[PDB]
Structures are given as C-alpha cells and as structure tokens.
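# Per-entry structural report
So you can see what is in the structure, the chains are spelled out below.
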Amino acid sequence: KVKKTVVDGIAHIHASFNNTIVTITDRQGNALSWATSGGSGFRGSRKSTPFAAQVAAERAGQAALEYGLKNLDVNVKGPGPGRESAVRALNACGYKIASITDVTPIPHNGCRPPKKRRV
Amino acid sequence: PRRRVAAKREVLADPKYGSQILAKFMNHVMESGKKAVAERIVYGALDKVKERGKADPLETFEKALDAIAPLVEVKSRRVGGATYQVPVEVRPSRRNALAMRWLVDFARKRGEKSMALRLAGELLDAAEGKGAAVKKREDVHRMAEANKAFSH
Amino acid sequence: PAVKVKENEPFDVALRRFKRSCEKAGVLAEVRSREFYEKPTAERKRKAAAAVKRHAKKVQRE
RNA sequence: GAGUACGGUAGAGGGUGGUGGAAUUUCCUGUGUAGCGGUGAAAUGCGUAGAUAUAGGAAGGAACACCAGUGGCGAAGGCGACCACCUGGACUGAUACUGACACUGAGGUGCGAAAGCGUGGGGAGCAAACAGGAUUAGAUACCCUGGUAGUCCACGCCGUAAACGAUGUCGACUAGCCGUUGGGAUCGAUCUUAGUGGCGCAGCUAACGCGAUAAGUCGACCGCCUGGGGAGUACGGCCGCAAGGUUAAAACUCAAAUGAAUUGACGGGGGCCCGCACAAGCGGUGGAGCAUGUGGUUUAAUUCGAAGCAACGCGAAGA
Ligand SMILES: [Mg+2]
Ligand SMILES: [Mg+2]
Ligand SMILES: [Mg+2]
Ligand SMILES: [Mg+2]
Ligand SMILES: [Mg+2]
Ligand SMILES: [Mg+2]
Ligand SMILES: [Mg+2]
Ligand SMILES: [Mg+2]
Ligand SMILES: [Mg+2]
Ligand SMILES: [Mg+2]
Ligand SMILES: [Mg+2]
Ligand SMILES: [Mg+2]
Ligand SMILES: [Mg+2]
Ligand SMILES: [Mg+2]
Ligand SMILES: [Mg+2]
Ligand SMILES: [Mg+2]
Ligand SMILES: [Mg+2]
Ligand SMILES: [Mg+2]
Ligand SMILES: [Mg+2]
Ligand SMILES: [Mg+2]
Ligand SMILES: [Mg+2]
Ligand SMILES: [Mg+2]
Ligand SMILES: [Mg+2]
Ligand SMILES: [Mg+2]
Ligand SMILES: [Mg+2]
Ligand SMILES: [Mg+2]
Ligand SMILES: [Mg+2]
C-alpha cells in the first residue's frame, strides 16, 4: 500500500507453445507487475493465441502505469505465438520502447531432450 | 454451388407504400403461396402500429429492422478433435434477411389473438430493444465476442 | 539479435526490422531443432536426403 | 612388381592429462501475487507453508551450437570444444638404393556398434521396469505427470547387428561429359596423380539396373549355395559367470516357396474437377387415427413371384 516511484522499466515476454507471461521489472530485476494468458480467462486452445498475449500485455501495462514507467526496454524469449503481439500491445499501453532484444536460451550441446512423440 | 452461376431475380412491387423492403417482408411472412393473406396480415399490423401512437408505421418498421440486424455471426469449424466457432462479419445483404427471419419466427410464438397483433407487438417491443428477437441478437453478439481469439 | 528505435520512426518498421534480424539469426529453427531428440541415424538420413535434393536442384538449373 | 633413405603436405586416426563457453537441474537470497505445467480435449502433478516469472550467488554432471560440406581420417567397428605430450598410416616431388624380396590364404591369432555381465566410483538430463491420469468395448499400448537399472569413468568379460555397397582380396585392359577433397607441372586455362559424387556409348543382365569406385573383357587364390517348412532348431563337443555364442542333423509334411516387371482394383497417399454431396434455406418422415404393401403368426386354404441402394401403393391400368 506504500508508494514507490520507478522510471525506465524492462518488460520480459516469456512465450511458450502453451502460454505467455509478461513481467515488468526495474533495472535490477525487481518485478512490479505481471500477467499471463491463463490469468486473462482463456484457459485452453484459446490460451495459445496472439490475442491472449495481447490482452495479457494490456493488463500488465495498465498495472505498471501506477509507478510511472515512462520507458520500457523489451526482452522477448521463446518460440511460441504472442511473441510480437505482446510488444505492440505494450506500446499501445503508452510506453516508449527504447529497444527490443531476443534472449532465447540456446544450448551449445547441452542435455539431451525428451524422446519424440509418436502421434 | 461449385460452378458459381446462380443469378439473382428481380421481383419487388410494394403496392401502396412504395417501400422496397416491405415486399420482401411480406414474402417472408407468406406461407404456401397465399400472397393475399400475408398482404392483409402485414397491413393490419402496420395499421395497429400507426394507431397506437404518432410514429410513422413504416419508419417504426425500419427502426426495428436496424435495431435487430446482427453485426457479426458465429461459424462452426471442426479443427480435428474439437469444433470451434469463429466470428465473422455479416454481409450487408444477410443482415436484413436474418433480421426478418428472426422477427417473423419470434412473432410466430407469442400468443395473442391474431398473427397481425403478434407482429405489431413484436415491432413495438423490439423498436427499443426489449423483444425476444433483440435478446437473441445479444446472445449471438456475446457468443461471437467470446470467441474473439480465432477471429483473424 | 537486437535492435533499437532511433530518430523518431513509427513502431511499425522497428518491429519488422527486429523480426528480420531474428529470422536472420536463426532462433526459431534452433528451438524447433532442440524440441525433441533426433537419433544419429535420423540426422544422417536427413543430411543425405537434403544433399541429394540440393544436388538435383543445382543440376536442374542447366 | 614390392620395399628403403630424403624434403613437404592435409586430416573428428589412436592414447594420457589440463582447461573453456552456452544450457539444463538442485540449493541460498531479494522483488512479487494467483496461478503454473500439460493436451486434440483434459486430468494426474506443482502453488498462497508464497509457485511459475524475474535478479544475484554456489555445487555438480553429461554433451560439444555456428564452422559443417555427395567434406575428411581409419582394415572394419568407428572418430566432431581448445591446448600440451606420446604415437600409427596415407598423399606428394627429385635423386639415389635392394634386386622378385610378390598375391591369396583352410587351421590359427587380433580388433570388433549397441544392449548385457563382474568389481569399484559417479548421478545434471534422458529413460527399459514400475506408479498414477487419460483414451477405449477392453488398452498389460500409443498420449500426459513422475521415475529406478542403464546411459558416464577405470579394469575385466561378452563376440553378436539390415556388422549393408545386401557386391572377398589382388593385378591388367575398355567412348565421353559435369562437380568436389589433398598435391604437383605447362602457358586464369591445360595436363597429370590418389580419393569422393551425378549422368552416360559399347558390353552385360530375367528385369530392375551396372557402366574406369563394372554387375564389361581376363588372370591368381579363398569362402559359400543346391525346393519351402521342421530349423540355424534338437543332441554331442568347444567357449562363457551368466545371458548365451559357435559347429550342426533327422523323422515328418507340401507341391510349391521365390525374384523382377505388367494390367486392374484399393489406400484412415498426393494433385486438379464435379453432383441438393456439404454449407445457406423451405417443407416434411419417425409420435396419433385411417389406407395400402411386406415380414411374422394363424388357418382347410391364407395362390405364386419381387428381397441393400437396384423388394416392400412392386407383377396387379381394379380379388
Ligand atoms: Mg514433452
Ligand atoms: Mg526462479
Ligand atoms: Mg578363418
Ligand atoms: Mg556400452
Ligand atoms: Mg551393463
Ligand atoms: Mg539383467
Ligand atoms: Mg554401479
Ligand atoms: Mg521425467
Ligand atoms: Mg555397469
Ligand atoms: Mg551374422
Ligand atoms: Mg553399420
Ligand atoms: Mg552378410
Ligand atoms: Mg568384383
Ligand atoms: Mg581393378
Ligand atoms: Mg548411371
Ligand atoms: Mg547376376
Ligand atoms: Mg531342406
Ligand atoms: Mg543354437
Ligand atoms: Mg541368433
Ligand atoms: Mg549346444
Ligand atoms: Mg551374471
Ligand atoms: Mg514385387
Ligand atoms: Mg444441409
Ligand atoms: Mg410406428
Ligand atoms: Mg406415425
Ligand atoms: Mg406373397
Ligand atoms: Mg412407387
């Protein structure tokens, strides 16, 4: 309930094949607001669509206007849909996007992945 | 059809109001080729409309028609395990046809004395958004906007 | 893969430029590859088939 | 022909140590609040005992993105991070040297994927067995959430694979064209040498197809086959700690089993096209009463025929 101001946030879009999670933080990685496709009330096949990601980003941005945050940098991560609709929702929330960076983690050899589904 | 060769016909002859839309409405209320009976029913309903109050009956007619044509329609499509329901905008010609079909069908089942009275009651009630047809339109609209995810 | 918004351009060229940069980097391809495990037999078979098709593609030009 | 000495090249060839960066997992801490994860749809599962997300830190193990390629190296199996050390072979050029010193090879000896086994370490991910949730008529399966042997290391055993080019090794001849890897000569082009690929004349083949990397024309040596099952099984021997390997029959039974290609048909294979086939609509049948045909039952007889669509108001346009 106590107030704290903060400018120049960073928005992380975490997009998978099933969901998307948008989290706005400060420079130090302290989360202020977050939202998700499932939290928006989609819950299923509708959860894996750019519309759900756009709504999630809208909610997260509206929550984040409380602290100020005139500026956001963007970190996209993941192969799923909602990858770009989240960003174009975030700007329409009113922020000033300085840059976009892709931070998808790629192993160089890494652990072996699961076996292939026989569908 | 596959060939896309259907050509639309031109038979539209409103006798004494000279209104293009009322002829199609009478075609919709017609049953089994009896043009005269439907003619009489529609004119009686419009007389009731003009004598309840000061509104021009024809103007009340297109005001109800505007207040009842849906804007978007839900189309079913099976995607391989579940049948989803996409929204799509309704063509301008389909709006009026859907409006008349709904209006007539819901006036069929009201329960007053004569069919003309049923139609008059439906026009009066739907002219401001209180009939069964208007709430069906609202049901279709909410069903369409609850599936906005697919849309495209 | 990263971009910036520089000298007051709309947020409709920066996003497309970012998409092009990510496609050039090869992010989605890498993720789709590590989605599941491909046994060495299947990898070698795929390389052989791709090489055959590449050679046929080159030859058919003349 | 086959070897030696001398410069010089290219290489995931082999062994022993050391060290890197990306990522996953667990653990500690800060912010933060109701979901996360998964699916065709779910549910199990994880979360308000504060999860997923996000930022900082630590521990450990395994695999080595891009380069990467009809590319390279090795007798084969096989071998991809970087560095040092030990070490095998191939290619290439000039001169000199030995003087047939060669090829093949039953026994025999050695190397030999993965799984498996013994003793001792290790434990991130994945995952036989196992448990739960779905799906289903059932589902000891596919699918989801977990998860132990094993996968990793050292030493020892095992000795098998569609261990395949389904093509034994060595040598000599027989039109060409187009790529590529290591390397020489001549004036980017030409020639030449050892590999690695795509077409193709003769010739060969049952055909498919092979075609200087022959399945063509020849020579030297070796291994193997003799209709399909029974059966690569039984018994005996030899190996193995075990699993099992290897060598290897018969009675009986059948008149076929088979290879390549051809015509059609079919496909929960592909591409184009069509039809009240769907879609968008209007009126109905299945419910009631009656008419009428049929099945079944009954009767002395209920006269014969029509039986998915393509029989049943049909032969019958008149019991
Ligand atoms: Mg999975
Ligand atoms: Mg975390
Ligand atoms: Mg021998
Ligand atoms: Mg092993
Ligand atoms: Mg073992
Ligand atoms: Mg065992
Ligand atoms: Mg052990
Ligand atoms: Mg697991
Ligand atoms: Mg062991
Ligand atoms: Mg064998
Ligand atoms: Mg092999
Ligand atoms: Mg063989
Ligand atoms: Mg030969
Ligand atoms: Mg030869
Ligand atoms: Mg050829
Ligand atoms: Mg032959
Ligand atoms: Mg026999
Ligand atoms: Mg045996
Ligand atoms: Mg055997
Ligand atoms: Mg024996
Ligand atoms: Mg044992
Ligand atoms: Mg055949
Ligand atoms: Mg239909
Ligand atoms: Mg009946
Ligand atoms: Mg009936
Ligand atoms: Mg009869
Ligand atoms: Mg008939």
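Going by the structure above, here's the rest.
What comes next concerns the included structure. Per chain, the count goes from 1 following the written sequence and can depart from the entry's numbering; residues without coordinates do not appear at all. Chain A is the first chain written and ligand 1 is the first ligand written, with later ones labelled in order. Any value quoted here refers to the chains shown, not to the larger assembly they are part of. Note that the side-chain values use all heavy atoms of the structure and ignore hydrogens as well as water. Residues with missing side-chain atoms are left out of burial classes, side-chain pairs and their counts.

The next point concerns the arrangement of the chains. Residue contacts are counted whenever heavy atoms from the two residues lie within 4.5 Å of one another. Contacts are most numerous, across the two pairs of chains in contact, for chains A and C. The two units chain B and chain C are non-contacting; their minimal C-alpha-C-alpha distance is 19 Å.

Frequently, the measure chosen for interface size is the accessible area removed from exposure when the parts meet. Facing the four residues of chain A at the interface are six residues of chain B. For the pair chain A and chain B, the two sides together bury roughly 470 Å², of which 64% comes from carbon and sulfur. Throughout, the accessible surface (probe 1.4 Å) given up by two parts as they are put together, summed over both, is called the buried area. Counting the surface chain A buries against chain B, the share from its top three residues, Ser45(A), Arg46(A) and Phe51(A), is 85%. We define a salt bridge as a side-chain nitrogen of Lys or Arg found within 4 Å of a carboxyl oxygen belonging to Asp or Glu. On the surface where chain A and chain B come into contact, there are zero salt bridges. Under the rule applied, a polar contact is a pair of N or O atoms within 3.5 Å (in protein, one hydrogen donor and one hydrogen acceptor; residues adjacent in sequence only if both atoms are side-chain atoms). The interface formed by chain A and chain B holds one residue pair in polar contact in total. Any residue that is not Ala, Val, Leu, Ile, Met, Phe, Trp, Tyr, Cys, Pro, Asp, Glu, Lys or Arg is counted as polar, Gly included; the first ten are nonpolar and the last four charged. By residue class, the composition of the side of chain A that touches chain B is one nonpolar, two polar and one charged.

This part takes up the pattern of salt bridges. All names here are of chain B. According to the stated counting rule, one finds 13 salt bridges over all chains in the structure shown. Between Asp139 and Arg142 there is a salt bridge, with its nearest N and O atoms 2.3 Å apart. Taken together, the positions of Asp139 and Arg142, both in helix α6 (residues 132-145) and three residues apart, correspond to about one turn of that helix. Note on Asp139: relative accessible area 39%, which makes it partly exposed. A cluster of three or more residues bridged by salt bridges with shared partners is formed by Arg110, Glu112 and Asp125. A run of H or I in DSSP becomes a helix once it reaches four residues, and a run of E becomes a strand once it reaches two; helices and strands are each numbered from the N terminus. Burial here depends on accessible area, computed with a 1.4 Å probe over protein chains only, as a share of the maximum for the residue type. Under 20% is buried, over 50% is exposed, and the range in between is partly exposed.

An order of β3(A)-β2(A)-β1(A)-β4(A)-β5(A)-β1(C) is seen for the six strands of this open sheet, with the pairing classed as mixed. What marks the edges here is a single partner per strand, and that holds for β3 (31-36) of chain A together with β1 (2-4) of chain C. Averaged over all adjacent pairs, the angle separating strand axes in this sheet is 15°, with direction ignored. Pairs of strands are assigned from DSSP output, requiring at least two bridges between the strands. Sheet analysis places strand β5 (residues 96-102) of chain A next to β1(C), joined by three bridges and oriented antiparallel. Across the sheet, the residue bridging to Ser99(A) is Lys4(C), located in β1(C). Strand contacts of helix α1 (residues 50-64) of chain A: β2 (20-25) and β3 of chain A, with the helix running at about 155° to β3(A), the strand carrying the most contacts. Axes, fitted as lines to C-alpha atoms, cover a helix only where it is in contact. Angles between the N-to-C directions of the axes lie from 0 to 180 degrees. Where helix α2 (residues 85-92) of chain A meets the sheet, its contacts fall on β1 (9-15), β4 (71-77) and β5 of chain A, and the angle it forms with β1(A) comes to roughly 150°.

Next up on the list: unusual backbone geometry. If you check the backbone angles, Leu69(A) has positive phi at about 55° while not being a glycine. In this fold, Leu69(A) is placed in the loop between α1 and β4.

Right, let's talk about the nonpolar core for a bit. Among the nonpolar cores identified, the biggest contains 29 residues, and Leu22(B), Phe25(B), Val42(B), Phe61(B), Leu65(B), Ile68(B) and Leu119(B) are the most heavily contacted of them. Looking at this core, the elements that each hand over two or more residues are α1 (20-29), α2 (35-52), α3 (57-66), α4 (92-108), α5 (115-126) and α6 of chain B. It is α2(B) that provides the largest number of residues to this core, a total of seven residues. Each residue touching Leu22(B), except ones within four places of it in the same chain, is listed here: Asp14(B), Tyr17(B), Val42(B), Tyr43(B), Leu46(B), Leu58(B) and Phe61(B). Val22(A), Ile24(A), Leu69(A) and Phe18(C) belong to the second largest nonpolar core, which has 27 residues in total. Take the buried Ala, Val, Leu, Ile, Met, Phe, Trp, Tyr and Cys residues and link them wherever side-chain atoms come within 4.5 Å; each set so joined is a nonpolar core.

With that out of the way, let us pick up α6(B). All names here are of chain B. Helix span is expected to be 1.5 Å times the residue number reduced by one. Compared with an ideal rise of 1.5 Å per residue, which puts 14 residues at 20 Å, α6 spans 20 Å between its outermost C-alpha atoms and is within 8% of the ideal. Among all positions of α6, only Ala133, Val134, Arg137, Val140 and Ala144 are buried. The buried residues of α6 occupy one face: seen down the axis, they fall within an arc of 115°. In this structure, the buried residues of α6 make contact with β1 (72-78), β2 (83-89), α4 and α5. Arc definition: it is the arc formed by the directions from the helix axis to the C-beta atoms.

When we say a residue is near a molecule or strand, we mean one of its heavy atoms is within 4 Å of it. In the region of RNA strand D, 42 residues are neighbours, and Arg43(A), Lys47(A), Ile106(A), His108(A) and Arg101(B) sit closest. Across the atoms of RNA strand D situated within 4 Å of the protein, the share located in sugar and phosphate is 71%. In this structure, a sugar or linking oxygen belonging to RNA strand D sits 3.5 Å away from a side-chain N or O atom of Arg94(B). Separating a phosphate oxygen of RNA strand D from a side-chain N or O atom of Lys47(C) is a distance of 3.0 Å. Elements supplying a minimum of two residues to the surface near RNA strand D: β2 and β3 of chain A, α4 of chain B together with α3 (40-60) of chain C. If one sorts the elements of the surface near RNA strand D by residue count, α3(C) sits on top with five residues. Partitioned by chemical class, the residues of the surface near RNA strand D number 11 nonpolar, 16 polar and 15 charged.

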